[PDB]
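S.K.: Before we start, here is the structure in question, set down as structure tokens.
There are 2 protein chains.
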Amino acid sequence: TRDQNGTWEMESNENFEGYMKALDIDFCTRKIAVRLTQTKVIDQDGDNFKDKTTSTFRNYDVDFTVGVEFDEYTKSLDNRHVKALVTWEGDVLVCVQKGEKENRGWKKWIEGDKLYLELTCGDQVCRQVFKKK
Amino acid sequence: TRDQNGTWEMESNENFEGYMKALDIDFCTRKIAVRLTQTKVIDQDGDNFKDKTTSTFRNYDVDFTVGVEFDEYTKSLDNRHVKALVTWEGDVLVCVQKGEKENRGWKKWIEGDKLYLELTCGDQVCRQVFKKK
């Protein structure tokens with residue numbers, strides 16, 4: 005049929021690397037994208053189309069209670085075993101992950117309407133700002 | 005404020021590559037982890053936290069109209085300007101993208117339940133099969 009609406013999930017994918025190299029796509033995204041399941045959402049009204057193909061890289065679910073340490077396996081990242089503890093520093097949610105790497109943790113606080121997250125490891129600090137949806 | 009409830013979407017991510025160098029993450033995972041989309045859903049109840057973070061690769065997101073040609077700019081892919089034209093060949097949605105690369109386009113058709121799409125660039129043909137959810 006001509007109706008292509010719906011949420012589609014990739015069953016198979018052949019010659020993805022060759023097609024991507026034909027487009028001069030670099031090697032790393034070629035290796036990663038071929039391992040991910042693509043989900044193409046298609047919204048069609050007659051001859052007007054809206055195609056959005058997406059891919060889920062990794063999911064990271066963590067459950068914790070403030071002041072109660074827990075055995076956290078940092079899966080979907082570096083996959084290390086750390087004992088994590090989350091505490092309130094005034095209004096900033098601070099988490100210390102005691103394990104192999106030292107000075108490892110994160111600080112997560114709200115400012116106005118934005119979410120500020122600072123991931124800390126040794127002498128490297130990454131800043132991630134989130135907008136509310 | 006300590007209320008961090010809600011669904012957040014990342015709009016900035018600086019020094020992710022350094023924080024990832026500290027944790028010894030795989031090379032290509034670092035190279036692709038600098039161009040991905042992150043959504044963090046936070047379910048908070050006083051001090052109990054249920055955090056769910058999803059990393060997401062954007063393969064392609066496009067809107068078009070059948071029979072009307074348009075000037076496409078393929079960011080999230082190879083970042084090239086192409087004159088795209090989408091038509092119906094029977095029940096097969098054919099798309100020709102005229103530009104630098106020759107024989108660039110795709111064919112999208114439905115068979116019973118499955119969605120079949122043949123992307124093609126030059127002499128490279130990529131065939132993808134999708135199942136409706």
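The listed protein sequences derive, respectively, from chains A and B.
Each residue of the first sequence is one higher than the last, beginning at 5 in the numbering used here.
Each residue of the second sequence is one higher than the last, beginning at 5 in the numbering used here.
Note that the Cβ used here is the ideal one computed from N, Cα and C, for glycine as well.
Which bits of chain A does B:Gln-132 rub up against, with CB to CB less than 9 Å?
M.R.: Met-14, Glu-15, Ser-16, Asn-17, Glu-18, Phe-20, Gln-42, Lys-44
S.K.: So B:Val-38 packs on B:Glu-21, CB below 8 Å; how close in whole Å?
M.R.: 6 Å
S.K.: So which residues on chain A does B:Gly-103 lean against when the C-beta distance must stay under 9 Å?
M.R.: Within 9 Å Cβ-Cβ: nothing; B:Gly-103 doesn't reach chain A, min ~11 Å.
S.K.: Tell me whether A:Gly-94 sits in a helix, a strand or coil according to DSSP, three-state version.
M.R.: Correct three-state label for A:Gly-94: coil.
S.K.: So which residues on chain B does A:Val-129 lean against when the C-beta distance must stay under 7 Å?
M.R.: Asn-19, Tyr-23
S.K.: So which residues of chain A does B:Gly-10 contact, with C-beta pairs closer than 9 Å?
M.R.: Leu-119, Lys-136, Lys-137
S.K.: Is the distance from the Cβ of A:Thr-58 to the Cβ of B:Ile-114 below 8 Å?
M.R.: no
S.K.: Can you check whether the C-beta of A:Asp-82 is within less than 8 Å of a C-beta belonging to chain B?
M.R.: yes
S.K.: Is there a C-beta anywhere in chain E that falls below 8 Å from the one on A:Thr-91?
M.R.: The question asks about chain E, but that chain is absent: this structure's protein chains are A and B.
S.K.: Do A:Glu-76 and A:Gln-101 count as a contact pair if the criterion is CB distance below 8 Å?
M.R.: yes
S.K.: Could you tell me if B:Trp-110 is buried or exposed, where buried requires 16 or more neighbouring beta carbons within 10 angstroms of its beta carbon?
M.R.: Per the 10 Å Cβ criterion, buried.
S.K.: Would you mind reading off the limits of the alpha helix (DSSP H) that contains A:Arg-34?
M.R.: 31-37
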